[PDB]
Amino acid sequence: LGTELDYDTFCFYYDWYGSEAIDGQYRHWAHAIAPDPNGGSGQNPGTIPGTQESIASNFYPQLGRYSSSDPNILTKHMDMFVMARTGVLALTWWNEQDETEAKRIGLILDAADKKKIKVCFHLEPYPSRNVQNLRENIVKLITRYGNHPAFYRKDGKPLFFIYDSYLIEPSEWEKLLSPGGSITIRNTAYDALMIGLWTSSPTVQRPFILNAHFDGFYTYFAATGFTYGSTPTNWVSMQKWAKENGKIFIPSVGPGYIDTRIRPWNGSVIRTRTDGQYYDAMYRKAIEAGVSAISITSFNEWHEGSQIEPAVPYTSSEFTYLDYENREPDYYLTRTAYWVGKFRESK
């Protein structure tokens, strides 16, 4: 029918939003404003309070200030994934070691399964992250969730995205990811496809990826040109290198970028949506590069303005939000479905 989910399409999902009613605070809708790293001492940037009028986004959710723990929101999000044809939800994972995290992960897996969506984890730069506690956490996640019907596998293997994987030296990664490594997961019950973050130039990244024994790489950033990896004119050559070296390249595409409510000094990174033309251009470059898998930044990173989740026009007494302009609130979901179809036609 040309409507089915694609299980080589990964959409980055954030479960960090809270409401007073469910979570005790409007978590993440309220957010600290970052000081300017070049703006000197004594800055008092303040906070966005997460009121109805003033939330930590330049856009405004159709679903309002929702809780990521609300089963009825999760249902709606899974229906949005179905509309977008995105078969894998790539869940932010911060190693919070708290019961409210555990509850949310279970709720997300359960809701996903009702719609045949799969879930993988996006391993974030949590405090003192290192290859030993990464192994322990991979073991825990596979043990806890590996028998859940929504747990993602590719040819029998789980898959993890590793954000800011450059914060760990290749000599450490080798211990976890080489078949001969001291604490290897290879050939164990806990083996997985490990997808590292390609940032800078090939001269740095090629030996990093090889020496670290990653199975593949992704680029994350929705803003074109932010890094070498997030410059789509490099994707043909990145894919050629991946194929030559038996690596999986999963370029990240997004619909735009703007984070100036939380980072007012970061205007140079703004990428305008132009009624969908930015998203179209980026998605076309990924498909044209001949890749096997694509990642989408993001479902709902509202702070960074990369979301495809529906947004509505809103002007409050405190802020005039951006909105999808000439496009309807669900445009980025249905445009994702269009591109998934083009990707499948190519695959």
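Numbers for residues come from their place in the sequence shown, where the first is 1.
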{"property": "Selected stretch [higher average CA B-factor]: 200 to 208 or 258 to 266", "result": "200 to 208"}
{"property": "Of 106 to 114 and 215 to 223, the stretch whose C-alpha atoms average the higher B-factor in the entry", "result": "106 to 114"}
{"property": "Residue with highest C-alpha B-factor in the PDB entry, from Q277, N147, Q132, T92", "result": "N147"}
{"property": "From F299, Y26, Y60, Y283, residue of greatest CA B-factor", "result": "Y26"}
{"property": "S68 - Cα temperature factor, lowest/middle/highest third of chain", "result": "middle"}
{"property": "Position of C11 among the chain's modelled residues by C-alpha B-factor, lowest, middle or highest third", "result": "lowest"}
{"property": "Within-chain third of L167 by Cα B-factor, per the entry", "result": "lowest"}
{"property": "Ranked against its chain, the third holding the CA B-factor of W241", "result": "highest"}
{"property": "Relative C-alpha B-factor of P158, binned into the chain's lowest, middle or highest third", "result": "middle"}
